[PDB]
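So this block is input.tsv, TSV, N, CA and C atoms and all ligand atoms:
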chain	number	residue	atom	x	y	z
A	215	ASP	N	-3.64	-22.89	-27.49
A	215	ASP	CA	-4.94	-23.12	-26.82
A	215	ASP	C	-5.09	-22.36	-25.47
A	216	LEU	N	-4.26	-21.32	-25.26
A	216	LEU	CA	-4.23	-20.54	-24.03
A	216	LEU	C	-5.59	-19.90	-23.72
A	217	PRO	N	-6.26	-20.20	-22.58
A	217	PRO	CA	-7.64	-19.78	-22.36
A	217	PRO	C	-7.83	-18.26	-22.30
A	218	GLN	N	-8.82	-17.77	-23.04
A	218	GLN	CA	-9.20	-16.36	-23.06
A	218	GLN	C	-9.67	-15.92	-21.66
A	219	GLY	N	-9.10	-14.83	-21.12
A	219	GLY	CA	-9.50	-14.26	-19.83
A	219	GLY	C	-8.50	-13.25	-19.28
A	220	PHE	N	-8.76	-12.78	-18.07
A	220	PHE	CA	-7.91	-11.85	-17.32
A	220	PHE	C	-7.71	-12.37	-15.88
A	221	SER	N	-6.47	-12.30	-15.37
A	221	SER	CA	-6.10	-12.66	-14.01
A	221	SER	C	-4.75	-12.05	-13.71
A	222	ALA	N	-4.64	-11.36	-12.56
A	222	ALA	CA	-3.45	-10.58	-12.18
A	222	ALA	C	-2.47	-11.45	-11.38
A	223	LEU	N	-1.24	-11.59	-11.88
A	223	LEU	CA	-0.17	-12.31	-11.21
A	223	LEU	C	0.30	-11.57	-9.95
A	224	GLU	N	0.52	-12.34	-8.90
A	224	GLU	CA	0.96	-11.84	-7.61
A	224	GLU	C	2.45	-12.08	-7.44
A	225	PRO	N	3.24	-11.12	-6.93
A	225	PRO	CA	4.67	-11.36	-6.67
A	225	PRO	C	4.80	-12.40	-5.55
A	226	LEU	N	5.42	-13.54	-5.84
A	226	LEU	CA	5.66	-14.58	-4.82
A	226	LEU	C	7.11	-14.67	-4.39
A	227	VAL	N	8.07	-14.48	-5.30
A	227	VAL	CA	9.50	-14.59	-4.96
A	227	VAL	C	10.32	-13.39	-5.47
A	228	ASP	N	11.16	-12.86	-4.58
A	228	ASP	CA	12.15	-11.84	-4.89
A	228	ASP	C	13.57	-12.44	-4.75
A	229	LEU	N	14.34	-12.40	-5.84
A	229	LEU	CA	15.69	-12.94	-5.88
A	229	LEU	C	16.71	-11.78	-6.01
A	230	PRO	N	17.40	-11.37	-4.93
A	230	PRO	CA	18.41	-10.30	-4.89
A	230	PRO	C	19.75	-10.70	-5.53
A	231	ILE	N	19.67	-11.52	-6.57
A	231	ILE	CA	20.82	-12.26	-7.08
A	231	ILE	C	21.69	-11.43	-8.05
A	232	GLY	N	21.15	-10.37	-8.67
A	232	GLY	CA	21.90	-9.44	-9.53
A	232	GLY	C	22.42	-10.03	-10.87
A	233	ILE	N	21.93	-11.23	-11.24
A	233	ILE	CA	22.40	-12.02	-12.39
A	233	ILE	C	22.06	-11.42	-13.77
A	234	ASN	N	23.04	-11.39	-14.67
A	234	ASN	CA	22.82	-11.07	-16.09
A	234	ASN	C	22.16	-12.24	-16.84
A	235	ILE	N	21.02	-12.00	-17.51
A	235	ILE	CA	20.30	-13.04	-18.29
A	235	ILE	C	19.95	-12.52	-19.70
A	236	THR	N	19.97	-13.42	-20.70
A	236	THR	CA	19.48	-13.17	-22.07
A	236	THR	C	18.85	-14.40	-22.72
A	237	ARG	N	18.97	-15.58	-22.10
A	237	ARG	CA	18.40	-16.84	-22.64
A	237	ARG	C	17.84	-17.77	-21.54
A	238	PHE	N	17.02	-18.77	-21.91
A	238	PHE	CA	16.39	-19.64	-20.91
A	238	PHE	C	15.95	-21.01	-21.49
A	239	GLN	N	15.60	-21.96	-20.62
A	239	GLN	CA	15.11	-23.29	-20.92
A	239	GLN	C	13.96	-23.66	-19.97
A	240	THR	N	13.20	-24.68	-20.35
A	240	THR	CA	12.06	-25.23	-19.57
A	240	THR	C	12.28	-26.70	-19.25
A	241	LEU	N	11.91	-27.15	-18.05
A	241	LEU	CA	12.21	-28.49	-17.56
A	241	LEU	C	10.97	-29.39	-17.49
A	242	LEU	N	10.71	-30.09	-18.59
A	242	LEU	CA	9.63	-31.06	-18.66
A	242	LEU	C	10.00	-32.30	-17.83
B	557	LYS	N	-9.09	-3.97	5.40
B	557	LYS	CA	-8.57	-4.12	4.03
B	557	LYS	C	-8.07	-5.56	3.80
B	558	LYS	N	-8.46	-6.17	2.68
B	558	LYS	CA	-7.97	-7.46	2.20
B	558	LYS	C	-6.55	-7.38	1.59
B	559	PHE	N	-5.60	-6.87	2.35
B	559	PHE	CA	-4.16	-6.84	2.02
B	559	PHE	C	-3.65	-8.24	1.68
B	560	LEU	N	-3.01	-8.39	0.53
B	560	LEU	CA	-2.42	-9.66	0.13
B	560	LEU	C	-1.11	-9.90	0.89
B	561	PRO	N	-0.67	-11.15	1.12
B	561	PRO	CA	0.50	-11.48	1.92
B	561	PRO	C	1.80	-10.73	1.60
B	562	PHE	N	1.97	-10.21	0.39
B	562	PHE	CA	3.17	-9.46	0.00
B	562	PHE	C	3.09	-7.95	0.27
B	563	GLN	N	1.88	-7.40	0.45
B	563	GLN	CA	1.68	-5.95	0.42
B	563	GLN	C	2.12	-5.23	1.70
B	564	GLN	N	2.96	-4.19	1.57
B	564	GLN	CA	3.61	-3.52	2.70
B	564	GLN	C	2.80	-2.30	3.23
B	565	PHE	N	2.17	-1.50	2.34
B	565	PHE	CA	1.37	-0.33	2.72
B	565	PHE	C	0.43	0.04	1.56
B	566	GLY	N	-0.58	0.87	1.83
B	566	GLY	CA	-1.45	1.51	0.84
B	566	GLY	C	-1.47	3.03	0.96
B	567	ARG	N	-1.93	3.72	-0.07
B	567	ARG	CA	-1.85	5.18	-0.21
B	567	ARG	C	-3.23	5.85	-0.42
B	568	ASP	N	-3.36	7.10	0.02
B	568	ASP	CA	-4.29	8.09	-0.57
B	568	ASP	C	-3.79	8.51	-1.94
B	569	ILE	N	-4.66	9.04	-2.80
B	569	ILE	CA	-4.27	9.50	-4.14
B	569	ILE	C	-3.24	10.66	-4.12
B	570	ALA	N	-3.18	11.42	-3.01
B	570	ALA	CA	-2.15	12.43	-2.70
B	570	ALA	C	-0.78	11.83	-2.29
B	571	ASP	N	-0.56	10.55	-2.57
B	571	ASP	CA	0.65	9.78	-2.18
B	571	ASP	C	0.81	9.50	-0.65
B	572	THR	N	0.25	10.37	0.20
B	572	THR	CA	0.26	10.22	1.66
B	572	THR	C	-0.22	8.81	2.02
B	573	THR	N	0.54	8.06	2.79
B	573	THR	CA	0.24	6.67	3.11
B	573	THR	C	-1.06	6.55	3.93
B	574	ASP	N	-2.04	5.83	3.38
B	574	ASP	CA	-3.31	5.52	4.08
B	574	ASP	C	-3.17	4.44	5.19
B	575	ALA	N	-2.47	3.33	4.92
B	575	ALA	CA	-2.35	2.20	5.83
B	575	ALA	C	-1.03	1.43	5.70
B	576	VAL	N	-0.56	0.77	6.76
B	576	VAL	CA	0.75	0.12	6.83
B	576	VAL	C	0.64	-1.25	7.47
B	577	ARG	N	1.38	-2.22	6.94
B	577	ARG	CA	1.76	-3.45	7.66
B	577	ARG	C	2.80	-3.09	8.72
B	578	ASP	N	2.46	-3.28	9.99
B	578	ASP	CA	3.37	-3.03	11.10
B	578	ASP	C	4.62	-3.96	11.00
B	579	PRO	N	5.84	-3.47	11.28
B	579	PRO	CA	7.10	-4.20	11.08
B	579	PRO	C	7.43	-5.22	12.20
B	580	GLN	N	6.79	-5.15	13.38
B	580	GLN	CA	7.03	-6.06	14.51
B	580	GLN	C	5.86	-7.03	14.73
B	581	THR	N	4.62	-6.63	14.44
B	581	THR	CA	3.43	-7.48	14.45
B	581	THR	C	2.82	-7.38	13.07
B	582	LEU	N	2.54	-8.49	12.37
B	582	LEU	CA	2.10	-8.44	10.96
B	582	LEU	C	0.62	-8.00	10.78
B	583	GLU	N	0.14	-7.08	11.61
B	583	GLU	CA	-1.17	-6.42	11.50
B	583	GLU	C	-1.16	-5.25	10.50
B	584	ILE	N	-2.28	-5.07	9.80
B	584	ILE	CA	-2.46	-4.04	8.77
B	584	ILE	C	-3.32	-2.96	9.39
B	585	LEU	N	-2.76	-1.77	9.55
B	585	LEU	CA	-3.37	-0.67	10.28
B	585	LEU	C	-3.58	0.56	9.38
B	586	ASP	N	-4.74	1.19	9.46
B	586	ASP	CA	-5.05	2.50	8.88
B	586	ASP	C	-4.38	3.63	9.69
B	587	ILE	N	-3.89	4.63	8.99
B	587	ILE	CA	-3.32	5.87	9.49
B	587	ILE	C	-4.26	7.01	9.07
B	588	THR	N	-5.26	7.35	9.88
B	588	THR	CA	-6.02	8.59	9.65
B	588	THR	C	-5.28	9.82	10.18
B	589	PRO	N	-5.18	10.95	9.46
B	589	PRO	CA	-4.59	12.18	10.02
B	589	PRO	C	-5.36	12.69	11.27
B	590	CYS	N	-4.66	13.23	12.27
B	590	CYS	CA	-5.27	13.60	13.56
B	590	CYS	C	-6.34	14.68	13.33
B	591	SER	N	-7.32	14.73	14.23
B	591	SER	CA	-8.58	15.47	14.06
B	591	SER	C	-8.39	16.96	13.80
B	592	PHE	N	-9.05	17.54	12.79
B	592	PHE	CA	-8.92	18.94	12.40
B	592	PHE	C	-10.24	19.52	11.89
B	593	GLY	N	-10.37	20.85	11.90
B	593	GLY	CA	-11.52	21.52	11.27
B	593	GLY	C	-11.39	23.05	11.28
B	594	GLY	N	-11.95	23.69	10.26
B	594	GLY	CA	-11.94	25.14	10.12
B	594	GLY	C	-12.67	25.84	11.26
B	595	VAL	N	-12.08	26.90	11.82
B	595	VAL	CA	-12.61	27.66	12.96
B	595	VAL	C	-13.14	28.98	12.46
B	596	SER	N	-14.41	28.99	12.11
B	596	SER	CA	-15.16	30.22	11.89
B	596	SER	C	-15.50	30.89	13.22
B	597	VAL	N	-15.26	32.18	13.34
B	597	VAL	CA	-15.60	33.00	14.50
B	597	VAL	C	-16.75	33.92	14.12
B	598	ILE	N	-17.81	33.91	14.93
B	598	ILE	CA	-19.08	34.61	14.68
B	598	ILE	C	-19.17	35.66	15.75
B	599	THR	N	-19.32	36.92	15.34
B	599	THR	CA	-19.16	38.06	16.24
B	599	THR	C	-20.08	39.22	15.88
B	600	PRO	N	-20.66	39.97	16.83
B	600	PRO	CA	-21.14	41.32	16.55
B	600	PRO	C	-19.93	42.22	16.20
B	601	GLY	N	-20.16	43.50	15.87
B	601	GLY	CA	-19.01	44.42	15.81
B	601	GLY	C	-18.35	44.58	17.19
B	602	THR	N	-17.02	44.78	17.25
B	602	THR	CA	-16.34	45.13	18.53
B	602	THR	C	-16.78	46.47	19.08
B	603	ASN	N	-17.36	47.31	18.22
B	603	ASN	CA	-18.15	48.47	18.59
B	603	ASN	C	-19.33	48.12	19.51
B	604	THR	N	-19.88	46.91	19.40
B	604	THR	CA	-21.06	46.46	20.14
B	604	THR	C	-20.67	45.55	21.31
B	605	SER	N	-19.86	44.51	21.08
B	605	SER	CA	-19.40	43.60	22.14
B	605	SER	C	-18.15	42.82	21.73
B	606	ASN	N	-17.37	42.36	22.71
B	606	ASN	CA	-16.24	41.44	22.50
B	606	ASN	C	-16.61	39.95	22.71
C	701	LIG	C1	9.39	-9.46	17.27
C	701	LIG	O1	9.36	-9.79	18.69
C	701	LIG	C2	8.10	-10.33	19.25
C	701	LIG	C3	8.39	-10.68	20.75
C	701	LIG	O2	9.31	-11.83	20.83
C	701	LIG	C4	7.59	-11.51	18.42
C	701	LIG	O3	6.30	-11.94	18.93
C	701	LIG	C5	7.40	-11.07	16.98
C	701	LIG	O4	6.94	-12.18	16.17
C	701	LIG	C6	8.73	-10.52	16.36
C	701	LIG	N1	8.39	-9.95	15.06
C	701	LIG	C7	8.90	-10.44	13.92
C	701	LIG	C8	8.55	-9.66	12.62
C	701	LIG	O5	9.63	-11.45	13.89

Could you show the structure in this file as structure tokens?
Amino acid sequence: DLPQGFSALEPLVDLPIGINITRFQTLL
Amino acid sequence: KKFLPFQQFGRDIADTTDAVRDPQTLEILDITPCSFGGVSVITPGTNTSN
């Protein structure tokens, strides 16, 4: 049900952490 | 310019920087190149006058 439209995301956080990633989870 | 809180500088299409966020005071300033113009010289012949 994702609403039809356009809106540009703004960079809010920069993490200089250098971490290797390939998977993720969401916290309800 | 309505510079967003993250934006550091803006450009002319020639890549030359148009405007900058100052690093000591968070003001956003335009950088215009210093004043210039072509110098046409209009003269009679040096046969007639200098
Ligand atoms: C640098 O120093 C001035 C004078 O103390 C201060 O007003 C200004 O906020 C400082 N700039 C930054 C980016 O912290």

**Asked** Within 12 Å of segment 573-578 of chain B, counting only C-alpha atoms, which residues qualify if same-chain residues fewer than 3 places away don't, as a VMD selection string?
**Response** chain B and resid 557 to 570 581 to 589

**Item:** Gap from atom N of residue 228 of chain A to atom CA of residue 571 of chain B - Å, one decimal
**Value:** 25.1 Å

**Request:** May I have the residues of chain A within 8 Å of chain B, counting only N, CA and C atoms, written as a PyMOL selection string?
**Result:** chain A and resi 224-226

Serialized selection, N, CA and C atoms, as a PDB file, in the coordinates of the input:
ATOM      1  N   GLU A 224       0.520 -12.340  -8.900  1.00  0.00           N
ATOM      2  CA  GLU A 224       0.960 -11.840  -7.610  1.00  0.00           C
ATOM      3  C   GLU A 224       2.450 -12.080  -7.440  1.00  0.00           C
ATOM      4  N   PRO A 225       3.240 -11.120  -6.930  1.00  0.00           N
ATOM      5  CA  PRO A 225       4.670 -11.360  -6.670  1.00  0.00           C
ATOM      6  C   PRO A 225       4.800 -12.400  -5.550  1.00  0.00           C
ATOM      7  N   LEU A 226       5.420 -13.540  -5.840  1.00  0.00           N
ATOM      8  CA  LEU A 226       5.660 -14.580  -4.820  1.00  0.00           C
ATOM      9  C   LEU A 226       7.110 -14.670  -4.390  1.00  0.00           C
TER      10      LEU A 226
END

**Asked** atom C of residue 580 of chain B and atom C3 of ligand LIG 701 (chain C), how far apart in Å?
**Response**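 These two atoms are separated by 7.5 Å.
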
**Fill in**
The residue from B:579, B:572, B:597, B:590 with the smallest atom-to-atom distance to ligand LIG 701 (chain C), counting only N, CA and C atoms and all ligand atoms, is B:579

Extending 3 Å beyond the listed atoms of ligand LIG 701 (chain C) on each side, what axis-aligned box results? I want centre and edge lengths in Å to one decimal, as AutoDock Vina command-line options.
--center_x 8.0 --center_y -10.8 --center_z 16.7 --size_x 9.3 --size_y 8.7 --size_z 14.2

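Separating atom CA of residue 223 of chain A from atom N1 of ligand LIG 701 (chain C) is a distance of 27.7 Å.
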
Starting from the sparse input, extend segment 219-242 of chain A to N, CA, C and O atoms and give the output as a PDB file, in the frame of the given file.
ATOM      1  N   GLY A 219      -9.100 -14.830 -21.120  1.00  0.00           N
ATOM      2  CA  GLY A 219      -9.500 -14.260 -19.830  1.00  0.00           C
ATOM      3  C   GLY A 219      -8.500 -13.250 -19.280  1.00  0.00           C
ATOM      4  O   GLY A 219      -7.487 -12.941 -19.916  1.00  0.00           O
ATOM      5  N   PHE A 220      -8.760 -12.780 -18.070  1.00  0.00           N
ATOM      6  CA  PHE A 220      -7.910 -11.850 -17.320  1.00  0.00           C
ATOM      7  C   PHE A 220      -7.710 -12.370 -15.880  1.00  0.00           C
ATOM      8  O   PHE A 220      -8.657 -12.808 -15.219  1.00  0.00           O
ATOM      9  N   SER A 221      -6.470 -12.300 -15.370  1.00  0.00           N
ATOM     10  CA  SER A 221      -6.100 -12.660 -14.010  1.00  0.00           C
ATOM     11  C   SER A 221      -4.750 -12.050 -13.710  1.00  0.00           C
ATOM     12  O   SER A 221      -3.824 -12.167 -14.516  1.00  0.00           O
ATOM     13  N   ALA A 222      -4.640 -11.360 -12.560  1.00  0.00           N
ATOM     14  CA  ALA A 222      -3.450 -10.580 -12.180  1.00  0.00           C
ATOM     15  C   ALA A 222      -2.470 -11.450 -11.380  1.00  0.00           C
ATOM     16  O   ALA A 222      -2.829 -12.007 -10.333  1.00  0.00           O
ATOM     17  N   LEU A 223      -1.240 -11.590 -11.880  1.00  0.00           N
ATOM     18  CA  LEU A 223      -0.170 -12.310 -11.210  1.00  0.00           C
ATOM     19  C   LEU A 223       0.300 -11.570  -9.950  1.00  0.00           C
ATOM     20  O   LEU A 223       0.508 -10.357  -9.933  1.00  0.00           O
ATOM     21  N   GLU A 224       0.520 -12.340  -8.900  1.00  0.00           N
ATOM     22  CA  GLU A 224       0.960 -11.840  -7.610  1.00  0.00           C
ATOM     23  C   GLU A 224       2.450 -12.080  -7.440  1.00  0.00           C
ATOM     24  O   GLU A 224       2.924 -13.165  -7.798  1.00  0.00           O
ATOM     25  N   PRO A 225       3.240 -11.120  -6.930  1.00  0.00           N
ATOM     26  CA  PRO A 225       4.670 -11.360  -6.670  1.00  0.00           C
ATOM     27  C   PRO A 225       4.800 -12.400  -5.550  1.00  0.00           C
ATOM     28  O   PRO A 225       4.323 -12.174  -4.424  1.00  0.00           O
ATOM     29  N   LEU A 226       5.420 -13.540  -5.840  1.00  0.00           N
ATOM     30  CA  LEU A 226       5.660 -14.580  -4.820  1.00  0.00           C
ATOM     31  C   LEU A 226       7.110 -14.670  -4.390  1.00  0.00           C
ATOM     32  O   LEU A 226       7.383 -14.945  -3.225  1.00  0.00           O
ATOM     33  N   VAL A 227       8.070 -14.480  -5.300  1.00  0.00           N
ATOM     34  CA  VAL A 227       9.500 -14.590  -4.960  1.00  0.00           C
ATOM     35  C   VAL A 227      10.320 -13.390  -5.470  1.00  0.00           C
ATOM     36  O   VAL A 227      10.204 -12.959  -6.625  1.00  0.00           O
ATOM     37  N   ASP A 228      11.160 -12.860  -4.580  1.00  0.00           N
ATOM     38  CA  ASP A 228      12.150 -11.840  -4.890  1.00  0.00           C
ATOM     39  C   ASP A 228      13.570 -12.440  -4.750  1.00  0.00           C
ATOM     40  O   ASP A 228      13.935 -12.941  -3.686  1.00  0.00           O
ATOM     41  N   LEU A 229      14.340 -12.400  -5.840  1.00  0.00           N
ATOM     42  CA  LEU A 229      15.690 -12.940  -5.880  1.00  0.00           C
ATOM     43  C   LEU A 229      16.710 -11.780  -6.010  1.00  0.00           C
ATOM     44  O   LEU A 229      16.939 -11.305  -7.115  1.00  0.00           O
ATOM     45  N   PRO A 230      17.400 -11.370  -4.930  1.00  0.00           N
ATOM     46  CA  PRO A 230      18.410 -10.300  -4.890  1.00  0.00           C
ATOM     47  C   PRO A 230      19.750 -10.700  -5.530  1.00  0.00           C
ATOM     48  O   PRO A 230      20.830 -10.309  -5.062  1.00  0.00           O
ATOM     49  N   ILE A 231      19.670 -11.520  -6.570  1.00  0.00           N
ATOM     50  CA  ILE A 231      20.820 -12.260  -7.080  1.00  0.00           C
ATOM     51  C   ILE A 231      21.690 -11.430  -8.050  1.00  0.00           C
ATOM     52  O   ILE A 231      22.857 -11.748  -8.273  1.00  0.00           O
ATOM     53  N   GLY A 232      21.150 -10.370  -8.670  1.00  0.00           N
ATOM     54  CA  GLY A 232      21.900  -9.440  -9.530  1.00  0.00           C
ATOM     55  C   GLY A 232      22.420 -10.030 -10.870  1.00  0.00           C
ATOM     56  O   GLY A 232      23.318  -9.465 -11.506  1.00  0.00           O
ATOM     57  N   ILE A 233      21.930 -11.230 -11.240  1.00  0.00           N
ATOM     58  CA  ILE A 233      22.400 -12.020 -12.390  1.00  0.00           C
ATOM     59  C   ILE A 233      22.060 -11.420 -13.770  1.00  0.00           C
ATOM     60  O   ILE A 233      20.914 -11.075 -14.065  1.00  0.00           O
ATOM     61  N   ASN A 234      23.040 -11.390 -14.670  1.00  0.00           N
ATOM     62  CA  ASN A 234      22.820 -11.070 -16.090  1.00  0.00           C
ATOM     63  C   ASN A 234      22.160 -12.240 -16.840  1.00  0.00           C
ATOM     64  O   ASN A 234      22.694 -13.353 -16.834  1.00  0.00           O
ATOM     65  N   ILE A 235      21.020 -12.000 -17.510  1.00  0.00           N
ATOM     66  CA  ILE A 235      20.300 -13.040 -18.290  1.00  0.00           C
ATOM     67  C   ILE A 235      19.950 -12.520 -19.700  1.00  0.00           C
ATOM     68  O   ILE A 235      19.554 -11.351 -19.844  1.00  0.00           O
ATOM     69  N   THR A 236      19.970 -13.420 -20.700  1.00  0.00           N
ATOM     70  CA  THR A 236      19.480 -13.170 -22.070  1.00  0.00           C
ATOM     71  C   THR A 236      18.850 -14.400 -22.720  1.00  0.00           C
ATOM     72  O   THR A 236      18.256 -14.267 -23.768  1.00  0.00           O
ATOM     73  N   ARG A 237      18.970 -15.580 -22.100  1.00  0.00           N
ATOM     74  CA  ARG A 237      18.400 -16.840 -22.640  1.00  0.00           C
ATOM     75  C   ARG A 237      17.840 -17.770 -21.540  1.00  0.00           C
ATOM     76  O   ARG A 237      18.208 -17.605 -20.371  1.00  0.00           O
ATOM     77  N   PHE A 238      17.020 -18.770 -21.910  1.00  0.00           N
ATOM     78  CA  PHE A 238      16.390 -19.640 -20.910  1.00  0.00           C
ATOM     79  C   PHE A 238      15.950 -21.010 -21.490  1.00  0.00           C
ATOM     80  O   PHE A 238      15.987 -21.258 -22.705  1.00  0.00           O
ATOM     81  N   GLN A 239      15.600 -21.960 -20.620  1.00  0.00           N
ATOM     82  CA  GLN A 239      15.110 -23.290 -20.920  1.00  0.00           C
ATOM     83  C   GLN A 239      13.960 -23.660 -19.970  1.00  0.00           C
ATOM     84  O   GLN A 239      13.838 -23.103 -18.874  1.00  0.00           O
ATOM     85  N   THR A 240      13.200 -24.680 -20.350  1.00  0.00           N
ATOM     86  CA  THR A 240      12.060 -25.230 -19.570  1.00  0.00           C
ATOM     87  C   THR A 240      12.280 -26.700 -19.250  1.00  0.00           C
ATOM     88  O   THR A 240      12.875 -27.421 -20.040  1.00  0.00           O
ATOM     89  N   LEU A 241      11.910 -27.150 -18.050  1.00  0.00           N
ATOM     90  CA  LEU A 241      12.210 -28.490 -17.560  1.00  0.00           C
ATOM     91  C   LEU A 241      10.970 -29.390 -17.490  1.00  0.00           C
ATOM     92  O   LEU A 241      10.251 -29.418 -16.494  1.00  0.00           O
ATOM     93  N   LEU A 242      10.710 -30.090 -18.590  1.00  0.00           N
ATOM     94  CA  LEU A 242       9.630 -31.060 -18.660  1.00  0.00           C
ATOM     95  C   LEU A 242      10.000 -32.300 -17.830  1.00  0.00           C
ATOM     96  O   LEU A 242      11.077 -32.898 -18.015  1.00  0.00           O
TER      97      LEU A 242
END
